[PDB]
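Notes follow the structure.
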Amino acid sequence: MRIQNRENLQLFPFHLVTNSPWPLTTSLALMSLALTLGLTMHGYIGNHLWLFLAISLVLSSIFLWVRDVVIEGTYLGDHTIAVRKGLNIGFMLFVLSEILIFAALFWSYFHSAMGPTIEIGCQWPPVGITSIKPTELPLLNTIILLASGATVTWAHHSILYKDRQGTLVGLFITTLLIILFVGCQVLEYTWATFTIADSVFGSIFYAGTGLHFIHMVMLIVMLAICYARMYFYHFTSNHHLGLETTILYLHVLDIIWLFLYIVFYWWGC
Amino acid sequence: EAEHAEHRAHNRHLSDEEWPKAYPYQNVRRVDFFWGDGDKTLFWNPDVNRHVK
Amino acid sequence: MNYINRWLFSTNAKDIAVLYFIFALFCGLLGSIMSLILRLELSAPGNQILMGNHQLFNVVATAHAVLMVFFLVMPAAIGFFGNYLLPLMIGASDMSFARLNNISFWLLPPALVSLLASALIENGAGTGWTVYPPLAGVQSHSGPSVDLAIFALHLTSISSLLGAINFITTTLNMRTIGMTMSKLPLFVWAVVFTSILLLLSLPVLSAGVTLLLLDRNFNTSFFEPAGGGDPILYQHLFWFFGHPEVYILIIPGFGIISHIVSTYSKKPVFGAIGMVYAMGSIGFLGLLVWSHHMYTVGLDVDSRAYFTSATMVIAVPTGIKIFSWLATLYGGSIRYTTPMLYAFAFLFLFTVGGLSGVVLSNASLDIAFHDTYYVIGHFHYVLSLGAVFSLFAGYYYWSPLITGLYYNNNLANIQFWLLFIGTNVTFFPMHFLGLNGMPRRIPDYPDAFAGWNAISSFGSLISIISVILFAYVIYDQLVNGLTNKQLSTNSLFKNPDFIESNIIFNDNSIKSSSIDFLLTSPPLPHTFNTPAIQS
Amino acid sequence: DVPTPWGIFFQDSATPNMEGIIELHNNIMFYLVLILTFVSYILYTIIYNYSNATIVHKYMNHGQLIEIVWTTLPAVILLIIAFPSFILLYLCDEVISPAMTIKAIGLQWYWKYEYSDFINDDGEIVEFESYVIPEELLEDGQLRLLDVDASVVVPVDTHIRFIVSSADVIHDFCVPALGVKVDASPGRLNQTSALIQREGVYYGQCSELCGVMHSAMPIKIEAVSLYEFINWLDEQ
Amino acid sequence: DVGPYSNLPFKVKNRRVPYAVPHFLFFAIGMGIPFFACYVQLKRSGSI
Amino acid sequence: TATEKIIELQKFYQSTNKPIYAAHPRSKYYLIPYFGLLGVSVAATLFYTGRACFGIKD
Amino acid sequence: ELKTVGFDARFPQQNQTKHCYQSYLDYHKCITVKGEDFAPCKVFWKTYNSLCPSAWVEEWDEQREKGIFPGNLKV
Amino acid sequence: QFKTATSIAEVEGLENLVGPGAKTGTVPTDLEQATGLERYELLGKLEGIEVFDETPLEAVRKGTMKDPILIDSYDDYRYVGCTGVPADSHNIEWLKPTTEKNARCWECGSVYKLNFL
Ligand code: HEA
Ligand code: HEA
Ligand code: CUA
Ligand SMILES: [Cu+2]
Ligand SMILES: [Zn+2]
């Protein structure tokens with residue numbers, strides 16, 4: 001603190017955010033989304049182009065937050081060692097919360113799998129519902145996920161050895177190795193024999209493997225913004241926190257898929 | 001799954017009296033869906049799935 | 001434009017707490033008028049004010065539950081006292097994620113609109129606070145009422161999760177130079193231990209509510225027994241949220257009482273490490289018990305015996321806190337100012353309302369008390385007389401420091417005695433009505449239950465007068481409040497000692513154990529430029 | 001039995017299970033009264049002695065013996081409470097030979113009683129539906145919102161097993177004197193057992209919320225002798 | 001401008017309309033909304 | 001000039017005298033449609049929640 | 001002289017929803033074989049007429065007569 | 001925006017901390033791309049100078065009015081928490097020294113003076 005011209009710079013390593021308008025606009029978009037989804041499902045509106053505006057405005061509101069998160073870190077230069085630790089602790093406490101939604105859905109499976117009622121004749125997958133064979137396309141998705149978990153390790157170990165062509169190629173291969181998962185799993189939802197309304201079995205199978213679908217669109221977006229921000233020279237060899245959060249998010253989804261494949265697809269009796 | 005793509009092209013001109021029998025709990029329509037007709041979900045191909053009245 | 005960038009587009013943590021207070025006052029007024037509507041109908045046998053409508057009685061009870069579990073106690077105890085005091089106690093400038101604080105405020109006014117619009121488009125939402133599956137389907141409530149009411153429990157959940165992650169992330173790496181995590185004050189530990197339960201409880205509620213929505217409108221049959229489901233599953237997926245929730249309402253109260261007991265009785269708290277370990281034990285043993293709300297659903301005989309054993313164990317850590325408060329108040333000098341009156345009225349009534357919980361914990365005795373007014377009398381002695389009293393004590397403690405304007409002492413004492421008398425008249429004959437056999441959620445009752453219902457309708461009119469007097473106390477605080485510091489010596493934070501002279505006391509006035517009462521009293525916008533030092 | 005106007009305490013018992021409930025409650029209230037009196041006396045001593053005092057003992061803040069005494073002494077109370085609670089939970093039930101079965105199905109806003117035995121070769125099972133008598137059609141002396149048109153008639157000194165279910169929503173069978181409170185959920189059967197020691201009338205009300213007509217759904221049980229039960233069963 | 005009437009969103013002194021009217025109307029609306037809701041849902045269901 | 005405009009835009013976002021979200025000469029294209037369509041999305045859910053309290057359906 | 005079902009220790013719990021279904025299935029299994037007038041298959045008849053509500057039996061009989069019944073009646 | 005620093009002796013503000021640029025086809029180093037309060041820590045830690053101190057209070061000697069403990073600050077006030085000369089005897093008592101008055105700690109008695117830098 002006894003450096004000579006110390007008064008001209010901030011005396012504590014924490015970020016004082018400037019005034020931003022986006023919290024109000026996110027809430028005003030969620031107001032419209034909640035009321036429009038509550039109303040269109042019981043009449044009262046009819047036209048289905050207000051719900052789509054509500055979802056589009058929500059997603060643009062998150063994108064407009066993340067712009068001001070990027071400019072405050074690569075241009076203004078206010079991300080010290082403490083603020084990075086705070087961001088890492090923060091992201092870990094959202095990954096932990098997004099795991100515990102799947103715990104309730106797994107417990108909604110074992111409360112019916114072990115002990116089925118009398119209305120269904122006591123049997124899993126019940127009579128008249130042909131399940132999905134796990135020696136078909138649900139193998140291809142698993143091997144594509146295990147390969148995508150291996151390709152990003154070649155991308156995080158090429159930004160530390162200062163090789164640029166070798167970070168762009170790996171991220172490109174991973175981005176095409178998550179689009180194929182969505183394309184395969186939308187083909188496994190059009191060639192099925194049972195819907196969301198055909199049992200308690202068809203209702204919990206499309207509600208634990210449908211949240212995963214929404215969670216893996218987010219990796220395609222987060223990897224596009226990690227390829228595009230590396231192409232335009234924003235990443236240094238020691239200060240990159242966009243890659244570290246996308247790597248921790250991918251591996252949790254791989255481990256979750258390896259528990260959605262032994263409990264949902266293989267174990268039926 | 002291309003040998004199974006020729007056992008599903010013939011399950012469309014089957015009549016309503018040759019489709020597999022429908023149990024209870026089988027097609028729960030107790031609230032009509034708000035998109036289009038009320039007897040169709042998001043993903044719905046007629047070649048594999050049908051709702052016999 | 002300067003109005004917008006400072007009270008609508010905000011970053012400062014202390015300027016959102018005042019908005020939380022203004023919201024909580026409104027949402028605690030609405031529910032209290034809704035409770036006065038209920039208690040003026042349950043007065044004498046017949047159909048008195050609501051002419052024949054048993055709807056618009058259950059709607060009023062549901063909206064009185066939601067507006068004061070979710071919209072009064074949590075915004076006051078998390079927004080007004082957590083956002084304001086925790087950075088000043090730990091010594092930080094602002095919170096770690098300020099824009100998340102702003103969104104955690106602004107998600108609540110869209111949650112009020114949907115709940116108020118869940119009682120005008122239709123018959124309404126008379127499902128009770130616990131929105132049980134086979135009643136809240138499309139055969140009894142067929143309309144946009146239950147759907148818009150379970151969308152008001154999503155936005156509050158998002159706000160609470162985003163606030164809890166901010167509270168945990170701030171206290172880990174934004175402390176001053178000489179504080180380890182064993183020299184923290186007790187209020188910071190209370191906020192941390194409620195913020196961990198907010199992480200570990202809310203996904204289960206969100207999952208259960210969303211599956212109820214999918215059962216109502218996308219014909220999925222999770223909880224319908226004609227397709228292979230059970231309603232009882234929802235009860236599990238509700239009550240795993242339910243019992244953490246009722247400690248979330250009470251743990252931030254406890255620490256507040258400790259500060260008052262440490263201040264106006266001039267002694268440090270007896271065994272602080274025992275107190276933080278007791279709060280940790282209470283927080284951990286609120287997750288391993290949830291099924292004591294469901295003893296009559298048809299469980300096993302070896303499962304009731306576990307949940308009677310795991311429920312009575314929670315009496316052991318709470319007794320440590322109560323007896324440590326007595327040991328703190330024992331030796332020292334006590335001056336009876338208006339925070340310590342509410343402090344003294346909290347150590348007796350929480351004990352009375354909590355000793356009834358041991359009677360209800362047994363599975364053999366719950367056969368006589370389930371869905372009966374004994375439960376209502378049990379949890380009103382702890383909610384209305386344990387949490388609201390802590391909120392009033394915290395307001396009368398910290399409002400001269402935050403605002404800079406003092407208040408009349410006499411009117412505050414009259415308000416306290418009116419609350420005490422009216423609330424003790426209201427909720428005590430509910431025990432007698434419960435022991436004689438009056439069920440819950442009924443507008444009309446047999447003629448034998450008349451007389452006590454005449455007495456419990458009298459205390460509510462006493463309590464509303466106390467609320468109006470509280471409004472006049474706030475008005476007398478804001479206008480001419482600079483001249484209300486020489487009327488009484490209550491304005492002094494600590495009294496002169498026996499040997500300490502007055503001339504010495506006027507030079508050295510404030511003696512404290514936290515950073516709070518040494519600030520200038522309007523707190524500055526940027527309150528720490530150079531860091532604070534602790535040895 | 002019937003509720004009394006200015007009631008303070010329980011209704012009178014006709015079943016051993018309710019007497020066990022009353023005895024266990026009166027056992028717990030002893031220790032709770034002891035704890036409340038101890039706390040109230042300590043606050044009285046604090047108010048009477050140490051109010052506006054010159055001397056502050058500001059160094060008595062540790063404790064080592066006294067923190068064990070308020071940790072082990074509540075535990076012994078919990079063990080003494082937990083012994084008869086477990087004995088009452090396990091012991092008093094249908095251990096040997098129930099002698100009748102009555103199915104009490106809960107519809108929307110009335111009750112349906114089937115006496116499942118006494119079956120003819122063609123299925124001539126005795127059955128009735130119990131409704132509430134409205135206020136306009138009451139006769140002189142009947143109890144409002146508790147008196148029905150058909151009542152469940154059972155013998156005395158006979159184990160009776162009630163099997164409770166429902167057809168629409170979640171209900172709750174209650175007769176307070178007999179110690180019976182079990183749910184009625186729409187996809188499963190639940191069972192309770194009752195033994196009645198004296199004749200009389202026993203009144204009850206539903207508990208779990210069901211809609212608009214929650215307050216008009218009573219339960220009425222008469223306990224006749226065996227000869228009157230045989231003469232009643234040959235008329236219905 | 002830091003002082004005892006600077007952290008509040010509403011102006012209290014030196015004001016055209018006196019503060020009693022905005023203080024009273026806040027509580028009047030707060031204790032008048034849930035009677036309006038009961039009036040609307042009573043009049044929509046036949047009873048007076 | 002080259003792809004390292006990083007050493008050029010860091011002398012612009014510092015010393016700007018405008019807020020960060022409206023400093024570049026491109027933020028018009030993002031901020032005009034967003035605030036334009038938000039005032040229609042909010043003004044449509046305050047017309048259909050007041051029309052619906054009066055019982056009118058579509 | 002007022003005789004009903006005893007204890008049946010394979011189902012000792014408070015939920016008797018499996019005793020009904022098992023008695024119904026066992027009666028129809030022992031009436032598919034061994035004729036319709038045979039003596040131990042009236043123990044099962046009195047067993048499921050003493051616990052099951054009547055509407056469940058009517059729905060199960062209609063579901064059996066339409067061919068549409070989830071069960072293990074085929075031995 | 002101006003001349004770039006090489007050591008923290010030539011840093012008179014945020015106007016001397018932009019730096020040179022990276023080259024086309026190279027993953028950039030933190031000495032070629034950093035602007036704000038991040039580069040100031042970087043130029044401190046490659047010499048041995050800790051810009052943001054985390055050293056607690058002096059707990060060696062007491063405080064006399066003739067010889068007081070000097071607390072250094074860039075403001076007219078700084079919050080000082082006393083907890084004893086053997087560093088955990090005294091409880092936590094907070095004090096505010098000012099350039100016009102010295103705090104004196106009502107239990108143990110140490111005097112604190114403010115040094116304005
Ligand atoms: C307000 C928060 C709150 C608090 C603090 C508690 C406290 C407790 N509650 Fe909970 N409870 C609720 C929230 C809360 N509860 C609510 C809202 C309901 C109503 C349910 C609804 O309808 O949704 C409810 C109802 C309820 C029931 C009844 C459920 C039913 O209707 O059947 C039960 C029974 O097991 C129970 C358990 C307990 C127990 C054992 C405690 C104990 O923690 C009480 C502990 C207090 C003490 C024991 C004082 C300590 C003093 C000592 C000196 C110790 C002495 C030692 C001995 C007594 C041995 N609660
Ligand atoms: C949040 C806790 C809470 C509070 C505060 C209250 C307040 C009151 N409650 Fe209780 N009550 C519940 C918990 C609570 N209640 C719950 C959860 C239910 C729903 C049960 C169900 O749905 O099954 C219920 C329902 C309920 C009913 C309906 C019972 C039913 O229908 O079965 C009744 C009727 O007698 C009743 C009684 C009262 C009364 C007379 C008050 C009065 O005290 C009201 C007067 C209010 C005040 C005395 C406090 C005013 C507060 C402020 C203005 C202070 C603001 C704070 C700051 C300034 C920091 N309550
Ligand atoms: Cu019917 Cu309750
Ligand atoms: Cu509980
Ligand atoms: Zn000291």
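Residue numbering restarts at 1 for every chain of the structure tokens, chains are lettered A, B, ... in their displayed order, and ligands are numbered from 1 as they appear.
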
*Please provide as an MDAnalysis selection string all residues within 10 Å of stretch 205-207 of chain D, with the sequence filter that same-chain residues fewer than 3 positions apart are discarded (counting only C-alpha atoms).*
(chainID C and resid 370:372 437:442) or (chainID D and resid 106 145:146 170:176 181:183 210 214:220)

Proximity of chain C to ligand 4: per-residue shortest pair, 10 Å limit, only C-alpha atoms and all ligand atoms, as JSON lines:
{"residue": "C:239", "atom": "CA", "partner": "ligand 4", "partner_atom_place_in_ligand_line": "1 (Cu)", "distance": 7.9}
{"residue": "C:240", "atom": "CA", "partner": "ligand 4", "partner_atom_place_in_ligand_line": "1 (Cu)", "distance": 9.6}
{"residue": "C:242", "atom": "CA", "partner": "ligand 4", "partner_atom_place_in_ligand_line": "1 (Cu)", "distance": 7.1}
{"residue": "C:243", "atom": "CA", "partner": "ligand 4", "partner_atom_place_in_ligand_line": "1 (Cu)", "distance": 4.9}
{"residue": "C:244", "atom": "CA", "partner": "ligand 4", "partner_atom_place_in_ligand_line": "1 (Cu)", "distance": 8.5}
{"residue": "C:245", "atom": "CA", "partner": "ligand 4", "partner_atom_place_in_ligand_line": "1 (Cu)", "distance": 9.3}
{"residue": "C:246", "atom": "CA", "partner": "ligand 4", "partner_atom_place_in_ligand_line": "1 (Cu)", "distance": 7.6}
{"residue": "C:247", "atom": "CA", "partner": "ligand 4", "partner_atom_place_in_ligand_line": "1 (Cu)", "distance": 9.5}
{"residue": "C:286", "atom": "CA", "partner": "ligand 4", "partner_atom_place_in_ligand_line": "1 (Cu)", "distance": 8.4}
{"residue": "C:289", "atom": "CA", "partner": "ligand 4", "partner_atom_place_in_ligand_line": "1 (Cu)", "distance": 7.6}
{"residue": "C:290", "atom": "CA", "partner": "ligand 4", "partner_atom_place_in_ligand_line": "1 (Cu)", "distance": 6.1}
{"residue": "C:291", "atom": "CA", "partner": "ligand 4", "partner_atom_place_in_ligand_line": "1 (Cu)", "distance": 7.7}
{"residue": "C:292", "atom": "CA", "partner": "ligand 4", "partner_atom_place_in_ligand_line": "1 (Cu)", "distance": 6.1}
{"residue": "C:293", "atom": "CA", "partner": "ligand 4", "partner_atom_place_in_ligand_line": "1 (Cu)", "distance": 5.8}
{"residue": "C:294", "atom": "CA", "partner": "ligand 4", "partner_atom_place_in_ligand_line": "1 (Cu)", "distance": 9.4}
{"residue": "C:311", "atom": "CA", "partner": "ligand 4", "partner_atom_place_in_ligand_line": "1 (Cu)", "distance": 8.7}
{"residue": "C:357", "atom": "CA", "partner": "ligand 4", "partner_atom_place_in_ligand_line": "1 (Cu)", "distance": 8.9}
{"residue": "C:360", "atom": "CA", "partner": "ligand 4", "partner_atom_place_in_ligand_line": "1 (Cu)", "distance": 9.8}
{"residue": "C:361", "atom": "CA", "partner": "ligand 4", "partner_atom_place_in_ligand_line": "1 (Cu)", "distance": 9.0}
{"residue": "C:379", "atom": "CA", "partner": "ligand 4", "partner_atom_place_in_ligand_line": "1 (Cu)", "distance": 9.9}

*Selection: 12 Å around residue E:32, only C-alpha atoms, excl. self and same-chain fewer than 3 positions, as a ChimeraX atom specification*: /C:26,29-34,37 /E:24-29,35-39

*How would you write, as a list in words, the set of residues in chain H that DSSP gives as strand (DSSP E or B)?*
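The strand (DSSP E or B) subset of chain H is residues 69, 70, 71, 72, 73, 77, 80, 81, 82, 93, 94, 95, 98, 101, 103, 112, 113, 114, 115 and 116 of chain H.
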
I need the residues from that last selection saved to file as a PDB file, in the first residue's frame (with N, CA and C atoms), if you can.
ATOM      1  N   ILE H  69       0.093   3.393  18.487  1.00  0.00           N
ATOM      2  CA  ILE H  69       0.195   2.572  17.287  1.00  0.00           C
ATOM      3  C   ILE H  69      -0.302   3.367  16.085  1.00  0.00           C
ATOM      4  N   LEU H  70       0.516   3.420  15.030  1.00  0.00           N
ATOM      5  CA  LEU H  70       0.226   4.202  13.830  1.00  0.00           C
ATOM      6  C   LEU H  70      -0.477   3.314  12.809  1.00  0.00           C
ATOM      7  N   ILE H  71      -1.723   3.649  12.487  1.00  0.00           N
ATOM      8  CA  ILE H  71      -2.496   2.959  11.464  1.00  0.00           C
ATOM      9  C   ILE H  71      -2.519   3.819  10.213  1.00  0.00           C
ATOM     10  N   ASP H  72      -2.135   3.235   9.084  1.00  0.00           N
ATOM     11  CA  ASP H  72      -1.937   3.975   7.846  1.00  0.00           C
ATOM     12  C   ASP H  72      -3.202   3.950   7.001  1.00  0.00           C
ATOM     13  N   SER H  73      -3.599   5.113   6.488  1.00  0.00           N
ATOM     14  CA  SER H  73      -4.789   5.152   5.649  1.00  0.00           C
ATOM     15  C   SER H  73      -4.694   6.294   4.653  1.00  0.00           C
ATOM     16  N   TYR H  77     -10.372   8.433   8.086  1.00  0.00           N
ATOM     17  CA  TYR H  77     -10.836   7.446   9.049  1.00  0.00           C
ATOM     18  C   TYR H  77     -10.468   6.052   8.562  1.00  0.00           C
ATOM     19  N   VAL H  80     -10.607  -0.003  12.867  1.00  0.00           N
ATOM     20  CA  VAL H  80      -9.575  -0.843  13.468  1.00  0.00           C
ATOM     21  C   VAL H  80     -10.229  -1.738  14.511  1.00  0.00           C
ATOM     22  N   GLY H  81     -10.011  -3.044  14.397  1.00  0.00           N
ATOM     23  CA  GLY H  81     -10.569  -3.964  15.367  1.00  0.00           C
ATOM     24  C   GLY H  81      -9.537  -4.517  16.323  1.00  0.00           C
ATOM     25  N   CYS H  82      -9.705  -4.241  17.613  1.00  0.00           N
ATOM     26  CA  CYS H  82      -8.768  -4.669  18.638  1.00  0.00           C
ATOM     27  C   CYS H  82      -9.270  -5.961  19.263  1.00  0.00           C
ATOM     28  N   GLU H  93     -13.445  -5.522  19.734  1.00  0.00           N
ATOM     29  CA  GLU H  93     -13.978  -4.168  19.858  1.00  0.00           C
ATOM     30  C   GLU H  93     -13.491  -3.329  18.689  1.00  0.00           C
ATOM     31  N   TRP H  94     -14.420  -2.686  17.996  1.00  0.00           N
ATOM     32  CA  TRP H  94     -14.071  -1.887  16.838  1.00  0.00           C
ATOM     33  C   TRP H  94     -13.964  -0.418  17.221  1.00  0.00           C
ATOM     34  N   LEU H  95     -13.050   0.281  16.552  1.00  0.00           N
ATOM     35  CA  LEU H  95     -12.721   1.668  16.838  1.00  0.00           C
ATOM     36  C   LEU H  95     -12.539   2.422  15.530  1.00  0.00           C
ATOM     37  N   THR H  98      -9.330   8.965  13.814  1.00  0.00           N
ATOM     38  CA  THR H  98      -9.594  10.095  12.939  1.00  0.00           C
ATOM     39  C   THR H  98      -8.358  10.994  13.034  1.00  0.00           C
ATOM     40  N   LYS H 101      -8.762  12.948  16.435  1.00  0.00           N
ATOM     41  CA  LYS H 101      -8.995  12.271  17.704  1.00  0.00           C
ATOM     42  C   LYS H 101      -8.448  10.851  17.631  1.00  0.00           C
ATOM     43  N   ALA H 103      -8.518   6.875  19.142  1.00  0.00           N
ATOM     44  CA  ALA H 103      -9.330   5.891  19.842  1.00  0.00           C
ATOM     45  C   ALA H 103      -8.521   5.245  20.962  1.00  0.00           C
ATOM     46  N   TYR H 112      -4.684   4.389  19.305  1.00  0.00           N
ATOM     47  CA  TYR H 112      -4.423   4.312  17.874  1.00  0.00           C
ATOM     48  C   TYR H 112      -4.427   5.702  17.254  1.00  0.00           C
ATOM     49  N   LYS H 113      -3.411   5.984  16.447  1.00  0.00           N
ATOM     50  CA  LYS H 113      -3.247   7.247  15.744  1.00  0.00           C
ATOM     51  C   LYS H 113      -3.310   6.967  14.250  1.00  0.00           C
ATOM     52  N   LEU H 114      -3.757   7.948  13.473  1.00  0.00           N
ATOM     53  CA  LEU H 114      -3.921   7.772  12.036  1.00  0.00           C
ATOM     54  C   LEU H 114      -2.772   8.461  11.313  1.00  0.00           C
ATOM     55  N   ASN H 115      -2.116   7.718  10.427  1.00  0.00           N
ATOM     56  CA  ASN H 115      -1.077   8.242   9.554  1.00  0.00           C
ATOM     57  C   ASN H 115      -1.671   8.411   8.160  1.00  0.00           C
ATOM     58  N   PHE H 116      -1.728   9.655   7.695  1.00  0.00           N
ATOM     59  CA  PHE H 116      -2.342   9.990   6.416  1.00  0.00           C
ATOM     60  C   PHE H 116      -1.278   9.972   5.327  1.00  0.00           C
TER      61      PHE H 116
END

_Residues within 12 Å of ligand 5, counting only C-alpha atoms and all ligand atoms, as JSON, numbers by chain_ = {"C": [511, 512, 513, 534, 535], "H": [59, 61, 62, 63, 80, 81, 82, 83, 84, 85, 86, 87, 88, 89, 90, 91, 92, 93, 94, 95, 103, 104, 105, 106, 107, 108, 109, 110, 111, 112]}

Restricting the output to C-alpha atoms, write the selected residues as a PDB file, in the first residue's frame.
ATOM      1  CA  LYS C 511     -18.846   0.680  22.168  1.00  0.00           C
ATOM      2  CA  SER C 512     -19.633  -2.213  19.854  1.00  0.00           C
ATOM      3  CA  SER C 513     -18.667  -5.677  18.680  1.00  0.00           C
ATOM      4  CA  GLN C 534      -8.863  -6.901  12.277  1.00  0.00           C
ATOM      5  CA  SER C 535      -6.068  -8.384  14.370  1.00  0.00           C
TER       6      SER C 535
ATOM      7  CA  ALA H  59      -0.430  -7.433  18.101  1.00  0.00           C
ATOM      8  CA  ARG H  61       3.057  -3.854  21.797  1.00  0.00           C
ATOM      9  CA  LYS H  62       0.324  -1.893  23.602  1.00  0.00           C
ATOM     10  CA  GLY H  63      -0.599   1.747  23.113  1.00  0.00           C
ATOM     11  CA  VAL H  80      -9.575  -0.843  13.468  1.00  0.00           C
ATOM     12  CA  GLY H  81     -10.569  -3.964  15.367  1.00  0.00           C
ATOM     13  CA  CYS H  82      -8.768  -4.669  18.638  1.00  0.00           C
ATOM     14  CA  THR H  83      -8.621  -8.166  20.133  1.00  0.00           C
ATOM     15  CA  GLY H  84      -5.579  -7.979  22.406  1.00  0.00           C
ATOM     16  CA  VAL H  85      -1.828  -7.763  22.910  1.00  0.00           C
ATOM     17  CA  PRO H  86      -1.446 -11.603  23.110  1.00  0.00           C
ATOM     18  CA  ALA H  87      -3.811 -11.350  20.087  1.00  0.00           C
ATOM     19  CA  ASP H  88      -6.828 -13.178  21.520  1.00  0.00           C
ATOM     20  CA  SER H  89      -7.392 -11.924  25.089  1.00  0.00           C
ATOM     21  CA  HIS H  90      -9.508  -8.776  24.585  1.00  0.00           C
ATOM     22  CA  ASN H  91     -12.778  -9.552  22.743  1.00  0.00           C
ATOM     23  CA  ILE H  92     -13.619  -7.926  19.401  1.00  0.00           C
ATOM     24  CA  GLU H  93     -13.978  -4.168  19.858  1.00  0.00           C
ATOM     25  CA  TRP H  94     -14.071  -1.887  16.838  1.00  0.00           C
ATOM     26  CA  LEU H  95     -12.721   1.668  16.838  1.00  0.00           C
ATOM     27  CA  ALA H 103      -9.330   5.891  19.842  1.00  0.00           C
ATOM     28  CA  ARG H 104      -8.501   4.252  23.154  1.00  0.00           C
ATOM     29  CA  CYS H 105     -10.260   0.816  23.480  1.00  0.00           C
ATOM     30  CA  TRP H 106     -12.406   0.884  26.683  1.00  0.00           C
ATOM     31  CA  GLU H 107     -11.355  -2.607  27.880  1.00  0.00           C
ATOM     32  CA  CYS H 108      -7.588  -3.067  27.405  1.00  0.00           C
ATOM     33  CA  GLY H 109      -6.516   0.479  26.602  1.00  0.00           C
ATOM     34  CA  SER H 110      -4.401   0.696  23.439  1.00  0.00           C
ATOM     35  CA  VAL H 111      -4.258   4.081  21.678  1.00  0.00           C
ATOM     36  CA  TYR H 112      -4.423   4.312  17.874  1.00  0.00           C
TER      37      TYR H 112
END

*In terms of the shortest atom-to-atom distance over only C-alpha atoms, which of G:28, G:44, G:6, G:19 is closest to residue G:64?*
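Closest to residue G:64 of all the choices is G:28.
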
*chain F residues near chain H (9 Å cut-off, only C-alpha atoms) as JSON, numbers by chain*: {"F": [2, 3, 4, 5, 6, 7, 8, 10, 11, 12, 14]}

*What residues have any atom no more than 8 Å from ligand 2 when counting only C-alpha atoms and all ligand atoms, and can you list them as a ChimeraX atom specification?*
/C:21,24-26,28-29,31-33,35-36,38-39,42,57-58,61-62,64-69,72-73,76,128-130,373,376,379-380,383-384,388,391-392,394-395,419,423,426-427,440-443,456-457,459-460,463-464,466-467

*How far is it from atom CA of residue B:13 to atom CA of residue B:32, in Å with one decimal?*
26.7 Å
